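In: coords please:
(2 chains, ligands or ions: 1)
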Amino acid sequence: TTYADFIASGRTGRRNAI
Amino acid sequence: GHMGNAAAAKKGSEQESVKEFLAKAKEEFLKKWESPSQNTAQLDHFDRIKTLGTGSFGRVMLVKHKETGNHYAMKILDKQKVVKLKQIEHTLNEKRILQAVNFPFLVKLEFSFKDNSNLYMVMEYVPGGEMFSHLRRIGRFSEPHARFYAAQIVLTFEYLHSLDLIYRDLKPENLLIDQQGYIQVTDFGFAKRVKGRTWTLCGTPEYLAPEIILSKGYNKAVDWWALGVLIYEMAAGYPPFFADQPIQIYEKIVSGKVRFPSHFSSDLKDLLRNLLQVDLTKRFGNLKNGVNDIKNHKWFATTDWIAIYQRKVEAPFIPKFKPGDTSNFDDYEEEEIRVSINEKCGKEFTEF
Ligand SMILES: N#Cc1cc(-c2cccc([C@@H]3CNCCO3)c2)ccc1N
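Out: Numbers count the residues shown, from 1 in each chain, chains lettered A, B, ... in the order given. Next up is the structure itself:
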């Protein structure tokens, strides 16, 4: 599912700017 | 047509009143922009309590003003580290913006000052912490709840853009919730005065507009793209474009394809397709009718813009009130604040 794909991305925490 | 005479006259009058408000707000901004405030407190006016956030060039701490007992959030920047990391212009610009703007959803700089070692910006303390934490905890916000926050961002960007400021930093991590449930925007490190175009690659991968990724000159329409990303992430619980690595995120952003959860209303999907529009000649916020294409969209039909501005709408969510409670911020190791006997980098920071 999309939610599972989100978890799998490893990008569920606070995201840094470039 | 869509409106009878009474409704059309009311809408026209409201839109003309916005123009009148913004013209006055620009005049006030420009006076402070040209004559910034400096040196309005000193370090020994405050007791340090606890760290609320940390970064490469400094930290934000909860402090208490010794005489009033009021709590504030104090951003501390090490002058030598700012120079080393090439952030002089960003640091000076952030303070100059903060002392010049005035809007109910933009954090207020109460004091600023510097000493031999550091720069200090003393801002309002916003005890509800970041939207990010609440969103990840609750999972997603219902559409009315997302809309309440989105309306505040719309008005804030309408204000900032009237001043020729592009924001460039929108994401849940950068939105704080106050004790009345309203949003506070705090970080102006990427904001820039831009009447036309600019070119810097800056922002956060999930929130970057296609034209930034494609190394084009770009304008304030990148903030309207980012609004679309924010609304999507508030209402879904995850952003529209994600992947394990930024390059795969960028491929999705530029593709012109976005997919929606089945619980999104048709009105929401229509708004998002118009905000997350790769073609700049079609993106809402970038057309002849400007911000009005967004404010007059069906998804916002129940939004009383003036009542939001006046903070008269009951918020959908009030963070747990525990006045110096730090529960809605993360825990960090406490490092000392050392001030040298010798002034460092005085010339670089004259304007601060
Ligand atoms: N209250 C209050 C308050 C808090 C911050 C702040 C707290 C945590 C992290 C950060 C920075 C910048 N955005 C997210 C990345 O790290 C800022 C900034 C101003 C404030 N007036």
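In: And stretch B:329-345, end to end?
Out: The separation between the terminal residues of stretch B:329-345, taken as C-alpha to C-alpha, to the nearest Å, is 32 Å.
In: Touching it from outside, list them.
Out: Counting by C-beta atoms under 8 Å, 6 or more residues apart in numbering or on different chains, the neighbours of stretch B:329-345 from elsewhere in the structure are B:43, B:48, B:50-54, B:59, B:76, B:79-80, B:82-83, B:115-118, B:129-130. From N, CA and C alone the C-beta is placed, and that goes for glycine too.
In: again, 10 Å this time
Out: A:14, B:43, B:48-54, B:59-62, B:73-74, B:76, B:78-83, B:88, B:114-120, B:125-130, B:133, B:176, B:349 (C-beta atoms under 10 Å, 6 or more residues apart in numbering or on different chains).
In: Ok, stretch B:16-29 next?
Out: Outside stretch B:16-29, the residues that reach it (C-beta under 10 Å, 6+ apart) are B:33, B:97, B:100-103, B:155, B:158-165, B:291-292, B:295, B:305-306, B:309.
In: quick revisit: from the contacts of stretch B:329-345, list the ones also adjacent to the ligand.
Out: Restricting the contacts of stretch B:329-345 to those adjacent to the ligand (criterion: C-beta under 6 Å from any ligand atom) gives B:52, B:53, B:60, B:73, B:125, B:126, B:176.
In: quick one: which of those residues is nearest chain A?
Out: Within these, the smallest distance to chain A is 9.8 Å, found for residue B:53 (C-beta to the nearest C-beta).
In: Can you name the residue of chain A nearest to the ligand?
Out: Each residue of chain A has a distance to the ligand, by C-beta to the nearest ligand atom, and the smallest belongs to residue A:14, at 7.4 Å.
In: Confirm for me that that residue is in contact with residue B:135.
Out: No: taking C-beta atoms under 10 Å as the contact criterion, residue A:14 and residue B:135 are not neighbours in contact, 11.4 Å apart.
In: Also near the ligand: which of the contacts of stretch B:16-29, exactly?
Out: Those of those which are also neighbours of the ligand - as judged by C-beta under 6 Å from any ligand atom - do not exist.
In: are any of those buried, and which?
Out: If you count burial by 16 or more other C-beta atoms under 10 Å in any protein chain shown, the buried members of those come out as B:33, B:97, B:100-101, B:103, B:155, B:158-163, B:165, B:291-292, B:295, B:309.
In: Tell me which of those fall in strands.
Out: Among the buried ones among the contacts of stretch B:16-29, the members falling in strands (DSSP state E) are residue B:165.
In: For ChimeraX, write the selection for the buried entries among the contacts of stretch B:329-345.
Out: The following ChimeraX command selects only the buried members of the contacts of stretch B:329-345, with burial defined by 16+ other C-beta under 10 Å:
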select /A:14 /B:43,49,51,52,53,59,60,61,62,73,74,76,78,79,82,83,88,114,117,118,119,120,125,126,127,128,129,130,133,176,349
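In: Looking at the contacts of stretch B:329-345, which are in strands?
Out: Per DSSP E, the subset of these in strands is B:48-54, B:59-62, B:73-74, B:76, B:78, B:114, B:118-120, B:176.
In: Can you narrow the residues you listed down to the ones near chain A?
Out: Under the cut-off given by C-beta under 10 Å from any C-beta of the partner chain, chain A has residue B:53 from the ones in strands among the contacts of stretch B:329-345 close to it.
In: Quickly note the distance from the residue of chain A closest to the ligand to residue B:173.
Out: Relative to residue B:173, residue A:14 is positioned 5 Å away (criterion: C-beta to C-beta, to the nearest Å).
In: Spit out the residues that contact those two alike.
Out: Contact criterion C-beta under 10 Å, 6+ apart; residues shared by residue A:14 and residue B:173: B:53, B:130, B:132, B:133, B:204.
In: Go through those residues and say which is closest to the ligand.
Out: residue B:53 (2.6 Å).
In: Give the full set of residues in contact with the residue nearest to the closest one when sequence neighbours are not counted.
Out: Of all residues not flanking residue B:53 in the chain, residue B:60 sits nearest, at 4.5 Å (C-beta to C-beta, 6 or more residues apart in numbering or on different chains). Listed by C-beta under 10 Å, 6+ apart, the contact partners of residue B:60 are B:51-54, B:73-76, B:121, B:123, B:125, B:186, B:329, B:332.
In: which one among those residues gets closest to residue B:144?
Out: residue B:186 (25.0 Å; C-beta to C-beta).
In: From what I see, the closest one and residue B:98 are in contact.
Out: Yes: between residue B:186 and residue B:98 a contact is recorded at 8.7 Å, counting by C-beta under 10 Å.
In: Quickly list what's touching both of these two.
Out: B:75, B:106, B:107, B:108, B:109, B:121, B:123.
In: Next, check those residues against the helices and list the overlap.
Out: Where these are compared with helices, as defined by DSSP state H, there is no overlap at all.
In: List only buried entries from the residues you listed.
Out: Buried subset of those (neighbour count, 16+ other C-beta under 10 Å): B:75, B:106, B:107, B:108, B:109, B:121, B:123.
In: Name whatever forms a beta bridge with the fifth one.
Out: With DSSP bridges applied, residue B:109 shows beta-bridge pairing to residue B:123.
In: In contact with it, which residues?
Out: Shown in contact with residue B:109 (C-beta under 10 Å, 6+ apart): B:37, B:40, B:72, B:75, B:94-95, B:97-101, B:121-124, B:186, B:188.
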